[PDB]
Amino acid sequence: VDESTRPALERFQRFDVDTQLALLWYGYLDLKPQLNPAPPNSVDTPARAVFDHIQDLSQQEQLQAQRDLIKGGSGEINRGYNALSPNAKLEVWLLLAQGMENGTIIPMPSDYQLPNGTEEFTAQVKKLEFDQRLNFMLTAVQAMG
């Protein structure tokens, strides 16, 4: 990330894990119109295998699996994610978001609201250029774990 994007990324990593997940969901909704949907052109993608392992879990454990991706760990799902390239890692998150929209991954609860104190960060992200937001995501997903 560049000089203008580093502060936003650093703030993001300082939120609690649940807040990070929610912000990633809201970020997806904001970016979605300008994103090409997953999967990529390759069929045997390693990202699909990691997503598929998460999809096969109960919804509650899908949530725990996504929490563990941000927190880090050495379990099977973390290891599958950690072996991926940064763009493949981002593919997993994109597949998860698409799964939330098609009903195969646990969705954002209708009663959830962000903890107080996210307004400044979301305002700052809204001011970033599209290229800066792409670099934010590539750097953020690689830094998880």
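Residue positions are given as counts along the sequence shown, with the first one as 1.
J.: Comparing 87-95 with 100-108, which stretch shows the greater average C-alpha B-factor in the deposited entry?
T.: Comparing 87-95 with 100-108, the higher mean C-alpha B-factor belongs to 100-108.
J.: Of 66-74 and 38-46, which one has the bigger average CA B-factor?
T.: Looking at the record's C-alpha B-factors, the answer is 38-46.
J.: Would you mind checking which of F130, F15, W25, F136 has the top Cα temperature factor in the PDB entry?
T.: That would be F130.
J.: Could you say which of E119, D30, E61, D52 has its CA atom at the highest B factor, as listed in the PDB entry?
T.: Among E119, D30, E61, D52, the PDB entry lists the largest C-alpha B-factor for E119.
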